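Heads up, the thing below is written out as structure tokens.
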Amino acid sequence: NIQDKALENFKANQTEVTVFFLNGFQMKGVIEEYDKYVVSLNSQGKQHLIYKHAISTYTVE
Amino acid sequence: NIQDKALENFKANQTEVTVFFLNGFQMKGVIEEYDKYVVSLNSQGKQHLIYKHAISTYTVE
Amino acid sequence: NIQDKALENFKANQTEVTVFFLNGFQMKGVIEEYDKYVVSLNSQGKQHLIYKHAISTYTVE
Amino acid sequence: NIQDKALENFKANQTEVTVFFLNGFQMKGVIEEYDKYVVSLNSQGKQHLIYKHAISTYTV
Amino acid sequence: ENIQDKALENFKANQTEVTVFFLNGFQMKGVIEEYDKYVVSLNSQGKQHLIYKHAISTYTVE
Amino acid sequence: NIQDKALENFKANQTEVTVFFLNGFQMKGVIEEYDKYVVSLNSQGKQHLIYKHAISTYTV
RNA sequence: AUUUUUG
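Taken in sequence, the protein lines are chains A, B, C, D, E and F.
The numbers in the working numbering rise by one with no breaks, and the one at position 40 of the first sequence is 28.
The numbers in the working numbering rise by one with no breaks, and the one at position 1 of the second sequence is -11.
The numbers in the working numbering rise by one with no breaks, and the one at position 15 of the third sequence is 3.
The numbers in the working numbering rise by one with no breaks, and the one at position 21 of the fourth sequence is 8.
Add 966 to the 1-based position in the fifth sequence for the working numbering, that's all there is to it.
The numbers in the working numbering rise by one with no breaks, and the one at position 44 of the sixth sequence is 31.
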């Protein structure tokens, strides 16, 4: 299970991740929480709740 | 459940959330009800029964 | 399950809903009958068997 | 289960149905077979095996 | 009752020229080498292609 | 099952895989690891955790 | 509502 380990890892190290969506949209932020379907991303201070079915790629720095 | 506890929060407080669809379009309204597949959003008097598969993110102004 | 309760209501009350597709297209008709995977709509005479995966939102007044 | 009741009468009566795809493109033909995921459509003279996930609506 | 695997089968053995249609509009021609629940392997321009079924719209011959 | 076989192979010898996304875009790299849903691809120095629902084709 | 038909 690479996913939970990766999300867990980001959440922990408070890594600034770039989330690429399927429609070409994107947000740079920090993964705060997450379950089987969503992912909570703190970006520019505002909280964004994201469905994984919309996410495409998670990229680091 | 990160999702459900978030969906209940908006629901309970009549919070004004912005819903972003996978097609870029966005809607603002209160979360009247929800379940495992859809979300009912009261917005501008009219009721919108929205499918989760068509949503990508939730946020507040 | 809010989805089914809302659809029987649209089916019973014989109310004219507007179906918004993911690609931006819209159709305004009446919800004949439905099931798990699809929805039969009587819009502009001819009938249409729509997949819920193509649907974004149901909008009533 | 309305999806099958619909896919049966189209096949049984060799009904000419219009298939609209998610991208808006539309095809015309007769449904010959179908299972859980795909549907075999004969259009003009060539067979097309189509995944339901690629379909938007059926119209007659 | 499962025509998907009945169709993917005849193709494989007869190495018949199949034309794959992607949802994104793309096209690819070739012979079905292998397949399963989630993917399909199509051999085209001397190259191998492992394709997700969720990206495919339709299969057509010739 | 061809998926896990192929995925494991590329991962075995760290092959040069070209991943095509549903939007036609492509990224060339080596499949580090993978699971039922995602795939970790190192390409151009960066590491990308990609969901299988977002991928279209793998090429060698 | 997270890898082939309420996606």
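Quick reminder that beta carbons are idealized off the backbone N, C-alpha and C, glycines included.
Contact set for residue i: own chain, Cβ-Cβ below 6 Å, skip 5 residues either direction
i: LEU36/D; result: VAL25, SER27
i: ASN1009/E; result: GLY996, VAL997, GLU999
i: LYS(-2)/F; result: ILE18
Neighbourhood of residue i by C-beta distance below 7 Å, restricted to the same chain and skipping five residues each side
i: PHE8/F; result: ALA41, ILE42, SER43
i: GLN2/B; result: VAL18
i: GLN32/C; result: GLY17
i: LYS23/F; result: none
Bounding residues of the beta strand (DSSP E) (the contiguous stretch that carries residue i)
i: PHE987/E; result: 984 to 988
i: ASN1009/E; result: 1005 to 1009
i: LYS15/F; result: 13 to 21
Span of the alpha helix (DSSP H) around residue i
i: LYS1019/E; result: From DSSP, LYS1019/E is part of no alpha helix (DSSP H); its letter is neither H nor E.
i: residue 48/D; result: Beyond the ends of chain D as shown, which are -12 and 47, falls residue 48/D; an answer cannot be given.
Supposed close pair residue i, residue j - CB separation, criterion 8 Å
i: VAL6/F; j: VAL47/F; result: Not a contact, Cβ separation roughly 11 Å.
i: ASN990/E; j: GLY11/F; result: 6 Å
i: residue 65/A; j: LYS40/B; result: Chain A is shown only over -11 to 49; residue 65/A falls outside these bounds and no answer can be derived.
Close beta carbons around residue i, own chain, < 8 Å, minus the five adjacent residues each side
i: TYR22/A; result: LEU(-5), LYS(-1), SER28
i: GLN35/B; result: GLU20, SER28, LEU29
i: residue 917/E; result: Only positions 967 to 1028 of chain E appear in this structure, which leaves residue 917/E out of reach.
i: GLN14/C; result: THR6, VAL7, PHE8
i: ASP(-8)/A; result: none
field: Members of the stretch -7 to 16 of chain C near chain B, C-beta cut-off 8 Å
entry: Result list: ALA(-6), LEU10, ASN11, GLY12.
message: For the stretch 23 to 45 of chain B, list every residue whose C-beta sits within 7 Å of some C-beta in chain C, in sequence order.
response: Here the close residues are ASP23, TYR25, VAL26, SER28, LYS34, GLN35, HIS36, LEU37, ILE38, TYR39, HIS41, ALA42.
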